[PDB]
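In order, the protein sequences belong to chains A, B, C, D, E and F.
In the numbering used here, each residue carries its 1-based index in the first sequence increased by 373.
In the numbering used here, each residue carries its 1-based index in the second sequence increased by 27.
In the numbering used here, each residue carries its 1-based index in the third sequence increased by 56.
In the numbering used here, each residue carries its 1-based index in the fourth sequence increased by 122.
In the numbering used here, each residue carries its 1-based index in the fifth sequence increased by 19.
In the numbering used here, each residue carries its 1-based index in the sixth sequence increased by 132.
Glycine included, every Cβ here is placed at the ideal spot set by N, Cα and C.
Encoded as structure tokens, the structure appears first; notes follow it.
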Amino acid sequence: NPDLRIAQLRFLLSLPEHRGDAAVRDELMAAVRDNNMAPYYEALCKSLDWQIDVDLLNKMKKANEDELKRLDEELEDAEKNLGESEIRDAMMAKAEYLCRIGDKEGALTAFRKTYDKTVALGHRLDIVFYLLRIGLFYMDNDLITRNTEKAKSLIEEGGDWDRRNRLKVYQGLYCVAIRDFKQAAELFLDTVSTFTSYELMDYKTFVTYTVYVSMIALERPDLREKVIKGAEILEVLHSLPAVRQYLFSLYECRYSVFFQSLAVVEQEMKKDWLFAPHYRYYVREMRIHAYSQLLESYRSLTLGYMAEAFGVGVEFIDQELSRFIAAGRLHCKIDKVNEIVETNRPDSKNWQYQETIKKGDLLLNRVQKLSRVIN
Amino acid sequence: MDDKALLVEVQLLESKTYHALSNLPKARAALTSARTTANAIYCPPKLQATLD
Amino acid sequence: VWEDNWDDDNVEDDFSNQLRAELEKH
Amino acid sequence: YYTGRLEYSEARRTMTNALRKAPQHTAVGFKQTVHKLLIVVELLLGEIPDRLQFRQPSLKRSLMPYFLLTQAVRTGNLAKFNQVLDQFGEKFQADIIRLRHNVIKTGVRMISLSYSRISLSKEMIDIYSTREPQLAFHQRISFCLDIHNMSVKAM
Amino acid sequence: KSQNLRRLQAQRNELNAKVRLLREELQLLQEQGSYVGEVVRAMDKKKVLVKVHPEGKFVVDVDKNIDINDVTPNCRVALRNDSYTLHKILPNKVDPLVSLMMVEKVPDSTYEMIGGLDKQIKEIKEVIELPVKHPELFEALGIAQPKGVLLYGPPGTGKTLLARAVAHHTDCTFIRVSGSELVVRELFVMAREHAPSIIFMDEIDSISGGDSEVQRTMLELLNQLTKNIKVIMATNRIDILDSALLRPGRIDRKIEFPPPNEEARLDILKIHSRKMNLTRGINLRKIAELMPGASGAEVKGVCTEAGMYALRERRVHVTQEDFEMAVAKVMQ
Amino acid sequence: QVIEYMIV
Ligand SMILES: Nc1ncnc2c1ncn2[C@@H]1O[C@H](COP(=O)(O)OP(=O)(O)O)[C@@H](O)[C@H]1O
Numbered sequence: 374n375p376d377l378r379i380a381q382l383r384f385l386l387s388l389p390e391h392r393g394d395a396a397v398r399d400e401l402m403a404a405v406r407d408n409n410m411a412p413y414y415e416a417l418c419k420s421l422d423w424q425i426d427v428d429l430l431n432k433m434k435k436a437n438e439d440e441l442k443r444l445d446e447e448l449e450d451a452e453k454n455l456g457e458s459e460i461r462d463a464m465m466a467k468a469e470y471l472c473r474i475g476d477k478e479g480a481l482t483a484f485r486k487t488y489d490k491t492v493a494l495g496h497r498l499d500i501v502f503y504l505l506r507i508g509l510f511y512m513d514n515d516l517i518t519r520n521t522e523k524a525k526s527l528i529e530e531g532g533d534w535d536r537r538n539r540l541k542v543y544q545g546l547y548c549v550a551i552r553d554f555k556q557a558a559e560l561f562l563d564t565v566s567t568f569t570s571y572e573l574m575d576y577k578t579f580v581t582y583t584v585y586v587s588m589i590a591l592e593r594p595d596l597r598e599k600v601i602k603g604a605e606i607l608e609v610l611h612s613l614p615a616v617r618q619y620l621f622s623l624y625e626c627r628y629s630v631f632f633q634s635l636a637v638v639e640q641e642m643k644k645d646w647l648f649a650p651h652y653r654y655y656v657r658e659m660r661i662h663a664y665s666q667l668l669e670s671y672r673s674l675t676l677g678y679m680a681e682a683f684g685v686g687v688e689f690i691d692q693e694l695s696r697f698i699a700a701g702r703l704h705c706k707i708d709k710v711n712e713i714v715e716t717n718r719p720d721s722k723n724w725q726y727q728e729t730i731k732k733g734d735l736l737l738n739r740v741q742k743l744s745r746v747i748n
Numbered sequence: 028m029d030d031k032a033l034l035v036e037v038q039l040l041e042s043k044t045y046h047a048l049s050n051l052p053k054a055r056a057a058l059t060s061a062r063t064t065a066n067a068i069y070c071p072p073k074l075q076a077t078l079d
Numbered sequence: 057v058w059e060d061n062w063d064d065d066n067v068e069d070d071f072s073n074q075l076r077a078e079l080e081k082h
Numbered sequence: 123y124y125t126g127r128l129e130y131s132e133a134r135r136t137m138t139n140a141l142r143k144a145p146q147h148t149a150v151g152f153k154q155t156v157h158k159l160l161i162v163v164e165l166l167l168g169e170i171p172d173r174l175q176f177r178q179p180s181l182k183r184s185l186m187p188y189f190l191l192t193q194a195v196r197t198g199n200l201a202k203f204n205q206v207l208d209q210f211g212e213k214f215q216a217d218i219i220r221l222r223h224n225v226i227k228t229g230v231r232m233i234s235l236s237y238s239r240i241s242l243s244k245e246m247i248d249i250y251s252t253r254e255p256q257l258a259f260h261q262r263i264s265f266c267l268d269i270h271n272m273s274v275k276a277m
Numbered sequence: 020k021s022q023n024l025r026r027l028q029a030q031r032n033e034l035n036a037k038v039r040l041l042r043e044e045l046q047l048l049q050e051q052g053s054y055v056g057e058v059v060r061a062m063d064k065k066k067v068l069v070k071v072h073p074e075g076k077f078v079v080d081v082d083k084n085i086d087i088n089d090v091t092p093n094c095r096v097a098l099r100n101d102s103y104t105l106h107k108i109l110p111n112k113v114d115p116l117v118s119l120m121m122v123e124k125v126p127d128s129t130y131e132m133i134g135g136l137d138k139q140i141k142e143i144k145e146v147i148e149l150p151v152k153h154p155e156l157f158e159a160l161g162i163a164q165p166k167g168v169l170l171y172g173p174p175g176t177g178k179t180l181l182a183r184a185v186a187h188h189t190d191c192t193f194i195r196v197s198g199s200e201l202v203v204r205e206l207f208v209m210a211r212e213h214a215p216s217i218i219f220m221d222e223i224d225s226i227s228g229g230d231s232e233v234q235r236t237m238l239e240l241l242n243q244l245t246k247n248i249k250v251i252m253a254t255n256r257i258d259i260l261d262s263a264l265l266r267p268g269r270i271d272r273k274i275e276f277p278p279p280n281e282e283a284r285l286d287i288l289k290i291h292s293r294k295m296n297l298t299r300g301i302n303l304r305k306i307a308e309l310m311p312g313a314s315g316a317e318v319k320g321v322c323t324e325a326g327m328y329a330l331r332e333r334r335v336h337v338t339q340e341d342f343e344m345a346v347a348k349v350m351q
Numbered sequence: 133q134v135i136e137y138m139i140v
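Structure below.
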């Protein structure tokens with residue numbers, strides 16, 4: 374099932390000297406030494422990594438022509454007494470095998486080839502999962518979205534809601550990579566997760582991904598109780614105490630350990646390949662949601678009690694909160710006249726206005742990009 | 028013997044013993060199991076309503 | 057991505073600012 | 123665009139009129155400096171983060187200095203805008219108070235400690251409104267649709 | 020100015036054409052309404068032999084722009100507005116079998132979701148698409164023709180669904196003559212027209228000469244017989260039927276359906292459990308634990324009843340125990 | 133805005 378943790382390894386190796394060689398190097402070449410697969414694993418090492426030596430590469434290409442050569446005579450064998458289920462499965466030799474080649478033609482032009490001569494929807498969304506899931510490995514967003522609108526074609530009897538949840542996990546795992554943190558948590562949250570022994574779910578990851586994707590967009594009063602007093606996730610983060618003490622350090626206001634808990638997440642931001650403005654934006658919105666949670670209950674916030682939030686003192690809160698009100702996303706202001714921060718709340722009536730100036734402009738601009746002669 | 032001839036009632040009673048102190052190793056399992064074996068007999072409303 | 061981030065100027069993040077924060081206090 | 127090559131009131135409407143005709147035109151000269159120069163002038167009026175950095179990967183046309191000065195104003199201090207200016211020095215387009223203007227949009231609070239600190243009729247503060255304040259922006263899109271009629275006069 | 024003026028001419032002429040056919044539209048609708056009807060097709064100079072809807076016959080003409088050459092029988096379209104002469108063609112309007120397929124809508128599309136039968140599908144695909152899509156090795160192997168398959172098994176478990184599925188992987192057709200309610204020998208013509216076809220039967224003894232009569236009645240025409248039609252008979256027991264069918268080989272294939280064992284019932288209960296939501300983990304084996312004599316249906320029934328037993332508590336996830344009170348309910 | 137307030 375291309376491609377597994379080798380996606381994360383392919384990230385971690387090409388990640389800079391934050392992480393290079395030395396024992397992410399062997400587990401990568403445990404697959405490269407395994408699966409005998411030339412057409413990506415030379416394009417893998419091309420990226421500032423490794424060159425010829427050809428030492429693995431010869432019997433790698435040789436077993437590639439062994440399996441690739443022997444699969445062809447089932448495509449030419451499946452006419453004696455072998456129907457379209459067997460030309461089908463011969464194209465599954467070419468399809469699973471030429472999908473773990475990791476080529477975007479060897480898999481991609483085989484799947485539309487097996488989209489012809491095709492039995493019903495034990496296939497039509499079996500492959501469009503299996504095409505979507507390697508599209509995650511190659512992050513080609515057009516392939517993902519076209520597999521969504523090809524994958525909303527489940528009206529079989531398709532009200533197969535242990536296969537909607539496979540697609541719902543795929544939507545959550547993709548929409549966390551395209552900033553849509555609203556769609557990610559609930560989809561994840563209301564899923565439970567199970568996909569052929571959770572092999573793409575790769576759990577020891579999933580419920581964690583939920584409980585540190587939630588507090589971006591899942592609203593702090595509403596379903597955060599459904600996070601906390603929801604008896605489906607609390608017992609499986611019981612074995613995961615780090616994200617647990619990341620979770621109950623917001624609603625319990627013990628923030629001298631919460632910034633500690635968020636500094637952990639900024640060290641396990643390194644792992645996931647949906648990476649860079651996701652963790653910088655993520656720490657930004659954990660940070661801003663943490664400060665806005667504190668000062669909203671008070672009409673006046675003193676310097677000593679805001680210093681009590683960790684123990685950072687003054688200038689951390691001063692420069693940082695001045696950057697936040699420079700962004701204007703809280704309502705506070707660094708009233709150093711007394712060193713007591715004031716907070717009323719102008720509501721979200723203005724939120725819209727400010728939102729829609731930019732929004733409106735962008736929308737018209739798109740049309741302004743089109744509605745000239747170029748049509 | 029024949030399944031749950033009276034162990035619907037005994038299983039109800041030991042299901043009453045846990046909730047004095049205990050947790051989920053009974054809570055849903057033995058009670059719902061008593062209900063699964065409680066839709067296959069002539070039920071009086073004493074035993075069936077006590078199971079309700 | 058494709059929702060405009062800052063990612064500009066700022067020195068090493070809440071891990072290191074956490075580190076010199078608690079170290080500078082203590 | 124050549125008319126775009128002082129005033130800042132209409133450099134962005136001539137930026138919309140400018141950034142039209144280049145499917146694949148040149149690699150130096152005509153295609154290159156129109157985009158990056160005009161968005162630099164779009165920071166000479168003072169327009170900051172959210173059209174800048176994710177709009178960069180279309181061109182990527184040698185892409186160092188002008189973007190560096192855009193975040194050098196997006197932060198807004200003279201200390202590292204110095205080394206944007208003097209250490210580069212060849213960036214050209216020679217033709218300071220604007221990155222001063224950014225940080226003092228905040229204030230400490232408002233007055234700033236009896237009219238004195240440094241950082242380095244609608245009683246509301248300017249949120250929104252239901253009168254003259256938001257009306258101006260409103261009649262923006264209406265005007266746009268009216269100007270977009272031109273579409274009906276083309277077949 | 021003249022070019023723009025001719026653009027204004029295009030606008031004015033367009034609106035003037037709109038008012039043309041609106042004005043002669045309001046005088047136009049004072050004319051007649053064409054009839055409609057199926058036919059038995061023409062023979063001669065013009066010709067039709069129609070049968071119009073209320074009273075079913077006439078012989079009418081055809082207009083110059085109709086090209087009487089393609090208008091084939093049982094393809095209803097007419098226009099003999101008043102004098103009785105054709106104009107054009109309309110939506111074919113679903114021929115005969117389209118009727119007894121959509122009507123007896125009994126046959127439910129099925130494909131490959133058969134719950135753990137592989138010897139059975141190997142043997143039926145051995146004798147239902149090899150004699151259709153590869154006849155070449157039968158006319159060189161010395162085999163005459165395989166035709167006619169008897170599906171004997173318990174009520175449930177393989178009927179109306181295996182013969183459905185391998186009828187439509189092959190895209191053959193699936194004619195069912197189960198029952199004779201509303202309308203033998205005429206069905207053969209339809210099957211012949213379809214070119215390739217599959218005829219299916221009925222199995223009633225309990226859930227004198229019922230349908231073995233028609234069975235042979237079409238094996239008499241089928242034996243000497245425009246060749247890729249394959250009758251299928253499902254019965255509950257092989258011993259209950261006629262001694263005339265006991266004539267090897269009259270039934271070139273006697274496929275056997277057993278009641279499902281442990282793992283095949285975790286396969287069918289795996290699929291019907293793949294119809295709905297469950298939870299983070301089921302481990303479906305304990306339900307299959309008491310599978311003992313089960314039936315195909317006996318699995319779809321308990322999975323729907325487990326869904327309803329999750330529905331009774333207004334709950335949106337089918338837990339473990341709703342299966343246990345489903346299969347512990349249905350033991351009746 | 134009564135002067136200011138093309139659509140037809
Ligand atoms: N192996 C199986 N796979 C899928 N469905 C089955 C299986 N066995 C029985 N069924 C169920 O039986 C129903 C089809 O009825 P059928 O088996 O044709 O009746 P009969 O048992 O009288 O032949 C379907 O709803 C189907 O779910």
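Excluding the 5 residues preceding and the 5 following residue i in the sequence, name in chain order all residues of the same chain whose CB lies nearer than 7 Å to its CB.
{"i": "E/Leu260", "result": "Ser231 and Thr254"}
{"i": "C/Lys81", "result": "none"}
{"i": "E/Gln139", "result": "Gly177, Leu181, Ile274 and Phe276"}
{"i": "D/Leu190", "result": "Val206"}
{"i": "E/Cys322", "result": "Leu288, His291, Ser292 and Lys294"}
{"i": "E/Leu240", "result": "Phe207"}
Between which two residues does the alpha helix (DSSP H) harbouring residue i extend?
{"i": "E/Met327", "result": "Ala316 to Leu330"}
{"i": "A/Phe689", "result": "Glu688 to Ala700"}
{"i": "D/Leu128", "result": "D/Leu128 -> no alpha helix (DSSP H), and no H or E assigned at all."}
{"i": "D/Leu221", "result": "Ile219 to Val225"}
{"i": "E/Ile140", "result": "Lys138 to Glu145"}
{"i": "residue 331 of chain A", "result": "Residue 331 of chain A lies beyond the stretch modelled for chain A, which goes from 374 to 748, so this question has no answer here."}
{"i": "B/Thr63", "result": "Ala56 to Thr63"}
{"i": "A/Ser622", "result": "Per DSSP, A/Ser622 belongs to no alpha helix (DSSP H) and is neither H nor E."}
In terms of residues, what are the limits of the beta strand (DSSP E) holding residue i?
{"i": "E/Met252", "result": "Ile248 to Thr254"}
{"i": "E/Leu170", "result": "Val168 to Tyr171"}
{"i": "D/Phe189", "result": "That residue, D/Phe189, is in no beta strand (DSSP E); its alpha helix (DSSP H) goes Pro187 to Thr197."}
With a threshold of 16 other CB atoms inside 10 Å of the CB of residue i, please say whether the residue is buried or exposed.
{"i": "E/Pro92", "result": "exposed"}
{"i": "F/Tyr137", "result": "exposed"}
{"i": "E/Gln22", "result": "exposed"}
{"i": "A/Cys705", "result": "buried"}
So, for residue i: in the same chain, excluding its five sequence neighbours on each side, which residues have a beta-carbon less than 6 Å away from its beta-carbon?
{"i": "A/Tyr414", "result": "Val405"}
{"i": "D/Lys213", "result": "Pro187"}
>> So if I measure from each beta-carbon to every heavy atom of ligand 1 and keep distances below 5 Å, which residues remain?
In response: E/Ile133, E/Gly134, E/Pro174, E/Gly175, E/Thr176, E/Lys178, E/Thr179, E/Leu180, E/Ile287, E/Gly315, E/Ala316 and E/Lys319
> Which ranges would you report for the beta strand (DSSP E) in the region 717 to 743 of chain A if only whole runs of at least 3 residues count?
Replying inline: none
> Enumerated in chain order, which unbroken segments of the beta strand (DSSP E) with a length of 3 residues or greater are wholly contained in the region 172 to 222 of chain E?
Replying inline: 216 to 219
>> Going residue by residue through the region 229 to 291 of chain E, where are the continuous beta strand (DSSP E) segments of at least 3 residues, counting only ones entirely within it?
In response: 248 to 254 and 272 to 275
>> List, from N- to C-terminal side, the alpha helix (DSSP H) runs of 4 residues or more that fit wholly inside the region 444 to 526 of chain A.
In response: 457 to 470, 481 to 484, 499 to 511 and 514 to 522
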